[PDB]
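Chains as they are written, first to last, in PDB author numbering: chain Lf, 2 to 109; chain LH, 1 to 15, 53 to 227; chain LM, 2 to 138; chain CO, 2 to 43, 83 to 95, 104 to 110; chain LO, 1 to 204; chain LB, 12 to 98; chain CL, 2 to 80; chain LS, 1 to 174.
Where is the CB? At the ideal position from N, CA and C, for every residue including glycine.
A short worksheet on the structure shown next.
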Amino acid sequence: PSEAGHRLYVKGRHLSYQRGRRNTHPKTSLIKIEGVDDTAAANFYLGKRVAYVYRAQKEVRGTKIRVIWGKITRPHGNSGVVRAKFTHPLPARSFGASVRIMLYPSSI
Amino acid sequence: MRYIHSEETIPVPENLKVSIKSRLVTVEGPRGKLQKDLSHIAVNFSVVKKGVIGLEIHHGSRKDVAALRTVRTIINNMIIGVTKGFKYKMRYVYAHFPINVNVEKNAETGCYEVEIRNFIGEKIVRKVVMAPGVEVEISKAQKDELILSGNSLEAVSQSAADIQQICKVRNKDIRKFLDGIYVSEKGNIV
Amino acid sequence: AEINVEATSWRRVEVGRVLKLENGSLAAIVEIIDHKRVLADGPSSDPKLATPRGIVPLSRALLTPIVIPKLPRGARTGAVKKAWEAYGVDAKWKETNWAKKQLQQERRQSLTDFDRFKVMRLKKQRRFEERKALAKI
Amino acid sequence: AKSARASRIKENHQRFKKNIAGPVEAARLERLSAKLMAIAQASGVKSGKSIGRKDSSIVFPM
Amino acid sequence: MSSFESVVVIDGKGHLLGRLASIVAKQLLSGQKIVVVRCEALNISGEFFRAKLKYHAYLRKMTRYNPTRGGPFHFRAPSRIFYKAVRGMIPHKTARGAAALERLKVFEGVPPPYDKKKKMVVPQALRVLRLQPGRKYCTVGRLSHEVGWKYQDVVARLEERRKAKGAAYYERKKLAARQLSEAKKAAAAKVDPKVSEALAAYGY
Amino acid sequence: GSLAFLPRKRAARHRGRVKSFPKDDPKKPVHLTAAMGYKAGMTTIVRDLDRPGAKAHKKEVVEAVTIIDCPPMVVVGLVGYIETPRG
Amino acid sequence: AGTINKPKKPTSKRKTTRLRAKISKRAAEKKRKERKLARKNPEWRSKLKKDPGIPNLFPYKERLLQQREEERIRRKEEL
Amino acid sequence: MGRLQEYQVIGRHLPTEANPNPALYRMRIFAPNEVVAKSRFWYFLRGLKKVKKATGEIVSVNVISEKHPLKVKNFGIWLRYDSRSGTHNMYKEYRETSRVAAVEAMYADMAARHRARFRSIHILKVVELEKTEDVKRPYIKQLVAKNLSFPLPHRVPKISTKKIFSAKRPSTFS
RNA sequence: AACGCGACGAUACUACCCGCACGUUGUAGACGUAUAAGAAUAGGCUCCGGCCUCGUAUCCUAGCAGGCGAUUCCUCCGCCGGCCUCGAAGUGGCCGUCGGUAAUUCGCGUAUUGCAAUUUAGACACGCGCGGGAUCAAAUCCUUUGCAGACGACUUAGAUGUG
């Protein structure tokens, strides 16, 4: 009875794309990491890896869970929000969904 | 101009108990007890001497220290009401139609009721219900006069104003029709 | 004539009141500039509680229950120093509840991962004893 | 003409309600309720004394 | 500290309407589920006749041909007033705005499902922390009751019952806390001095 | 017409509903509020009028009256309602 | 008035662009007319203006006036 | 306004054959930097005398600072400001630790109370009041009242602005 | 409100409830998704000693994704029942059985997924199965009625009867 958790990642929320008043740039996404509130806390996570884990209907190679991979690039603003760059831009319906921030590559 | 400090004092007589909670003020004395909330005014209460209560304000404005004046006067009015009481002496006069005033006290709600009849010969009966804690009597010292006494000056004065306002003429001449109930004397029971 | 009054009990800004700064430091008021800024000095020998003489805002400050009794207004660093070790401000600060809370926070922050595991194990033992005690009553 | 929603008219109606219709309808209701009464009287869990459970939403599903 | 929860319950008592609506709307669009209670205890800065005048102008605003469809539906409940504020602050004419409106729930009073849950508070919208002490303010409950809300008294009675139950709960909680403190002293004697000193050095 | 009887629609139900019972207080005796009947017709009567102040006072007036067949109703149930913030 | 119970039609603060321009051109025209009348100027202009003087609430007014006097005599004797 | 320090600027008309060794004027001004110091120096000399930047040179610019900026002083500022009606004299007082701080407060107070601007304000004379008797304004005078001590009622706690939700209702007492 | 809600009646197949096998079944988005006083903020809380900037708090938190056995422990969970409780859109307490359980220490197993690849693991919903219990209904068309009616619609009647 281990009765404990198994989380090795930090929770995060995909908020929106990099955008101006009208134009939006799906290349870069905005991620709010759980617990980070300033640029130094963001600087800790620049370079860390980020995964968007969702589910589809058809199983391809043993699973229905798809993943979109990316990494944290640079802090955004002063509130701890970060910019993330993925292999593919996030689906847009995912504005408000969870992203997993994994601590690798690690520098500590 | 943001005056740093302003202070004022109410002296409390030897025979009263002034219990003040956060901004609730309750005064007990021989006449009875009166309670009032002044939570709408920013003020600090303290004890400066043996029988002196200090009300104080910090970093306030001129309006704020004026409110301090108002609070001091209200608390002193409560104290003197609980010591000496408050008495309004009213007179009813008429030209042709005598005004009939009946005073009754009912067990329910513990209030007094004043019934006024035959004002300018009118067939309407005018009922005025006194606030709780104010006693009204037909006193046999002068004629056509009514004594309205109590502990709360506000209640006493408002009851007097209610009677005076309920007996007022309409569509007549102010200079010719001179009948009604008027406040003649104001003071203390003791 | 008995009056029962319980409104507030504030701590006054005054010459000799020592106040805490968000660096965790202490500084005694030596002069009052306005209702928002004062002149203060921390001459404490402890580097963690030392504060250079200067202007401090009361918004950034927090008033501790320690007051140096009779140091003159506008006293320079030497006088504030002599008053500080004469009154023993550091010992009273250490005995205050705020300093204990800060020390607990510092220990919990400096606590490592193996230390976290040992903390959990020891808390489990102490909790076994606490549950035994609570079951009886 | 005074409106049907005039304050003085409402006060007169209140007095009339309280001093005539009140007593009349009270006596009428006493008699009628008397006739109604005449016609009418013409373990906890396993007994029903303890009121237990018979047989969209307000909360978010977890 | 920017914490994510299943759903946060906000006790609307003492909160400024627009600021609480702004925070709630941002959380909804970020993906947090919110539940606001005591919208009747919400507050609006300014004076009560100012709020009542604003609501009466809102009542003026009406569609001409057929009020039944298309017309501005004037809701008289404080929960629906708060909902109107939040809806005006989010883009309700998009699927994302509709999703945020579906993460938002609002009630009058504290329903029994939420009377036993922890009610949070937002410091950025608290009246005692935001308003200058001399300024005036009004309550959305008074505004709703004066503009046509029919259920002020029922909500007041239900709140009184809930508070009596809460008083009983708090008596039980005080008894439990006394028992917990006693046990901790008794058990301390029967714990190894090493565990205690170790925990004290570690800050526990 | 009057804008108070609009949306000039057919009645949703043939029976017709009360929509408001008189307010209740515990001090009055226990009684029922409403009843039912079937319109049979209407007829003419003569009443010895006692309307003090009327010109037909202490006189015979001819009036039209409606007659409602009212067989006794049977009680077959009891419903209980609670007060909620929604009604 | 019964403004609280029955407010009237609001006075829109949404500026229209037809007027937001009229006011700009009218301001420009007013500035031009001001400059033209200042050019005309059938009224004398002097060189020295009325100096209001030193405020009397200044606590060192006596010393400043004394310095002014001594400077006057020094300049007069030197020149 | 901004960050200011005291500047003395000395300047002179360019030497000529007719008038060698010119008058060598000097004055003290308040500027964010030496560029603005020189610009307003030439502005004031153009306004007063017949010296322009083209025919003049800056002999010296020197940063003068406060002798004792760790001690509290009262300053009296006599100034001119021009509004739509004309130029007005004002004397105000500021309780600060330096002349630059006093002028900071003066510009802020002018902007807040009379909507005056930097080019609309002329600073004639800023003085350090020697004795307490020299204070004429009741606010600084109540600040220099004897045995001054006051509380701080209704202090809103400084809560981190990203701490959106809190479990305990905050207190405004300490 | 024809995309607001409630109570009650009767519900043949279907599947109406239960047990547990799952689903190459859906989800505006589990991963400890843990935490109920009320009330004031120019005051409050309490164990009556005292305490209150501060939720960077409290609980919980170790074991092949959490095995097997032992020393030792009566602690924390869980399911059923019994008594009661909760109606604002309905749940929790105590007791009882049975089931699991590092508060201390130890032994036997983890390898090879090969240097990372969502740690496919939660919830609610719906479907398809098994073996246990329960039940054997209505509406529409049609004829009829005129309390209704442009036509739909509506009030009625049609199984033996006060038809």
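Query: Opposing strand residues paired with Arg95/LS [DSSP bridges]; Result: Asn74/LS
Query: Burial state of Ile74/CL (16 or more Cβ within 10 Å); Result: exposed
Query: Sequence-distant residues of its chain with Cβ nearer than 8 Å to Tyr25/LS (five each side left out); Result: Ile10, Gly11, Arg12, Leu45, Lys49 and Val51
Query: Where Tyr91/LS meets chain CL, residues with beta-carbon distance less than 8 Å; Result: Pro56, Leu58 and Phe59
Query: Counterpart residues of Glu172/LH in DSSP-defined beta bridges; Result: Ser186/LH
Query: Partners in chain LS for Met120/LO, counting only beta-carbon separations shorter than 8 Å; Result: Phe165, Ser166 and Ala167
Query: The alpha helix (DSSP H) enclosing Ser39/LS, as first and last residue numbers; Result: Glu34 to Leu48
Query: Beta carbon of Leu40/LM nearer than 9 Å to that of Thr97/LS; Result: yes
Query: Where the stretch 111–144 of chain LS meets chain LM: residues whose CB sits under 8 Å from a CB there; Result: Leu143
Query: contact_flag[the stretch 187–203 of chain LO, the stretch 106–114 of chain LM] where n(CB pairs < 8 Å) is 3 or more; Result: yes
Query: Cβ distance (whole Å) where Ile10/LH is taken to contact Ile116/LH below 8 Å; Result: 7 Å
Query: Any C-beta of chain Lf under 9 Å from that of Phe73/LO; Result: no
Query: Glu4/Lf: CB within 8 Å of a non-hydrogen atom of the ligand HEM; Result: Questions concerning the ligand HEM fall outside what the structure shown contains, since it holds no ligand whatsoever.
Query: Residues in the stretch 4–19 of chain LM having any Cβ partner in chain LH nearer than 9 Å; Result: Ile4, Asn5, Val6, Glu7, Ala8, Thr9 and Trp11
Query: Integer Cβ distance of residue 233/LH from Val138/LH, believed to fall under 8 Å; Result: Only positions 1 to 227 of chain LH appear in this structure, which leaves residue 233/LH out of reach.
Query: Nearest residue (CA-CA) to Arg99/LH, options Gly134/LO, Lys13/LO and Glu5/LO; Result: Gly134/LO
Query: DSSP-derived helix/strand/coil call for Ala98/Lf; Result: strand
Query: Cβ shell of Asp91/LM (< 7 Å), same chain only, five flanking positions each side left out; Result: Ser45, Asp47 and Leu50
Query: Start-to-end residues for the beta strand (DSSP E) that takes in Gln8/LS; Result: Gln5 to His13
Query: Neighbour flag for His77/LH against chain LS, beta carbons, 9 Å; Result: no
Query: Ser39/LS and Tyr81/LS closer than 9 Å at C-beta; Result: no
Query: At least three beta-carbon pairs within less than 8 Å, the stretch 53–70 of chain LH to the stretch 35–45 of chain Lf; Result: no
Query: Cα-Cα separation, residue 145/LB to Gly98/LB; Result: Limits of chain LB in this structure are 12 at one end and 98 at the other, which puts residue 145/LB out of reach.
Query: Where the stretch 40–51 of chain LB meets chain CO: residues whose CB sits under 9 Å from a CB there; Result: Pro40, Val41, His42 and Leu43
Query: Beta-carbon spacing of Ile81/LO, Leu143/LO below 9 Å; Result: yes
Query: Pairwise C-alpha distance: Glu72/CL and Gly47/LS; Result: 22 Å
Query: Beta-ladder partner(s) of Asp52/CL, from DSSP; Result: DSSP, once it has assigned bridges, lists no residue as partnering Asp52/CL.
Query: For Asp42/LM, the residue or residues it bridges with in DSSP; Result: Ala29/LM
Query: Cutoff 6 Å; reference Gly52/LB; Cβ partners in own chain excluding five residues on either side; Result: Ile78
Query: Within 9 Å, strictly: CB atoms of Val7/LO and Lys26/LO; Result: no
Query: Length-filtered (4 minimum) alpha helix (DSSP H) runs lying within the stretch 93–165 of chain LO; Result: 95–103, 112–115, 127–130 and 140–147
Query: DSSP bridge partner residues for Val83/Lf (one or two, in chain order); Result: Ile32/Lf and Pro76/Lf
Query: With 16 other Cβ atoms within 10 Å as the buried cut-off, status of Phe108/CO; Result: exposed
Query: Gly76/LS: contacting residues in chain CL (beta-carbon distance under 7 Å); Result: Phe59 and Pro60
Query: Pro72/LO versus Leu75/LH - alpha carbon distance; Result: 42 Å
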